[PDB]
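If you read the protein sequences in the order shown, they are chains A and B. Just so you know, the authors' numbering puts 159 at position 91 of the first sequence, and the rest follows in order with no gaps. Just so you know, the authors' numbering puts 151 at position 86 of the second sequence, and the rest follows in order with no gaps. Cβ coordinates follow ideal geometry from the N, Cα and C atoms, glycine included. Heads up, the thing below is written out as structure tokens.
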Amino acid sequence: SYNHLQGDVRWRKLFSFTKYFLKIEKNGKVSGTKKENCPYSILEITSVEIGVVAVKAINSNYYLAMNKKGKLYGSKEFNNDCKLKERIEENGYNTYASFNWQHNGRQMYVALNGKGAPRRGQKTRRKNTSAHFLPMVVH
Amino acid sequence: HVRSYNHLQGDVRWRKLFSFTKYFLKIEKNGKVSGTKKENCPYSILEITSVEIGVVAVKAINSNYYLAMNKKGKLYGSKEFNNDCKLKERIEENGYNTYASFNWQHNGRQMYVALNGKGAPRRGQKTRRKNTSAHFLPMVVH
């Protein structure tokens, strides 16, 4: 049984240009999967202010978060790590930066590497293919 | 220092192709090429086969058709492999893919496989590298 913050809700899968769907498993670990069918990849994205979202994995009940040190992790409770900057890019895809945390005046991104692992935020750049996401409507 | 490699061309790849217009590419029972929003349509399962460096053939497995475009720029399904089935597979800066006719250009400019907003096959000649319609992500099928 899931909840959301006050805001504009939409239901999506997030598929990286590294060709993984983002999921958070029952253990709160954040990974990619090739599985088009995976229920831990169904996300509720709610906009709470302009360009600011909280992304929750419905079927595990975790928020996609990133911490000061720049690790992706799953958070049971909403907190400041769960605020993300959603930038609708260029042509056809989105990026998700830490709202709260920078590295050397550089944004830190949610990214899935080529073997489907989460990246350490310090190593990520907006131009990266790992940090690009084609949202796909769930229903 | 010993390259290690992961995306070298050769081995077949079982994929769907997902347009940025938000449809999966299929070829029906009857060789008609279209997009679906359905995540589980068996006509959207493709076999992508490297024929030469820079060139692929795309085959809808469950209808036994190749994806093709003729000289007149018409995107169609083809039961036998021929030169209209040769496609330049190309990866753009942003990281999505384009598929263009190997043989057929128009105004010197190249012609792309493309699905529009209502997921209809686009007219060869009316496509541009730029176009959201002409961008795909392949997704793995198990």
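Within chain B, partners of residue i - CB distance below 9 Å
i                : result
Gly182 (chain A) : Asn71, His72
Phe83 (chain A)  : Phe83, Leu202, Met204
Cβ shell of residue i (< 7 Å), same chain only, five flanking positions each side left out
i                : result
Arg188 (chain A) : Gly138, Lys139
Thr197 (chain B) : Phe85, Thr86
Cα-Cα separation between residue i and residue j, rounded to whole angstroms
i                     : j                : result
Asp76 (chain A)       : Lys124 (chain B) : 41 Å
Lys151 (chain B)      : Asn168 (chain B) : 8 Å
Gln190 (chain A)      : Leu111 (chain B) : 37 Å
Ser109 (chain A)      : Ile126 (chain A) : 8 Å
residue 239 (chain A) : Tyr161 (chain A) : Limits of chain A in this structure are 69 at one end and 207 at the other, which puts residue 239 (chain A) out of reach.
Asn172 (chain B)      : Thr192 (chain B) : 12 Å
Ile113 (chain A)      : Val120 (chain B) : 39 Å
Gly96 (chain B)       : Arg194 (chain A) : 41 Å
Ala185 (chain B)      : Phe89 (chain B)  : 11 Å
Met176 (chain B)      : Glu117 (chain A) : 42 Å
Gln74 (chain B)       : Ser115 (chain B) : 6 Å
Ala122 (chain A)      : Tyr130 (chain A) : 10 Å
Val98 (chain A)       : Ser128 (chain A) : 11 Å
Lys144 (chain B)      : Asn71 (chain A)  : 51 Å
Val205 (chain A)      : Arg80 (chain A)  : 5 Å
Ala199 (chain B)      : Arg78 (chain A)  : 26 Å
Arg174 (chain B)      : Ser69 (chain A)  : 54 Å
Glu154 (chain A)      : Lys91 (chain B)  : 31 Å
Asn147 (chain B)      : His207 (chain A) : 39 Å
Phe201 (chain A)      : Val67 (chain B)  : 32 Å
Where residue i meets chain A, residues with beta-carbon distance less than 7 Å
i                     : result
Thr197 (chain B)      : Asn159, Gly160
residue 211 (chain B) : The structure shown has nothing for residue 211 (chain B), since chain B only spans 66 to 207.
Contacting residues, own chain, Cβ-Cβ under 8 Å from residue i (five flanking each side not counted)
i                : result
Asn135 (chain A) : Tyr141, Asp149, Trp169
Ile156 (chain A) : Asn162
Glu93 (chain B)  : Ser99, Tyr108, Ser128, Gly142
Contacting residues, own chain, Cβ-Cβ under 6 Å from residue i (five flanking each side not counted)
i                : result
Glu158 (chain A) : none
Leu132 (chain B) : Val123
Distance cut-off 8 Å: residue i Cβ against heavy atoms of the ligand FAD
i                : result
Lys139 (chain A) : The ligand FAD is not part of this structure, which contains no ligands at all.
Amino acids of chain B, ordered along the chain, whose beta-carbon sits closer than 8 Å to that of residue i
i               : result
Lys87 (chain A) : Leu202, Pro203, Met204, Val205
CB contact below 9 Å: residue i versus chain E
i                : result
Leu132 (chain B) : No chain E is part of this structure, whose protein chains are labelled A and B.
What residue ranges within the stretch 106-149 of chain B form continuous beta strand (DSSP E) runs of no fewer than 3 residues, ordered along the chain?
111-117, 120-125, 130-134, 140-143
When you compare the stretch 155-170 of chain A with the stretch 96-112 of chain A, are there three or more beta-carbon pairs, one atom per stretch, that lie closer than 8 Å?
no
Three or more C-beta pairs below 8 Å linking the stretch 79-87 of chain B and the stretch 180-197 of chain B
yes
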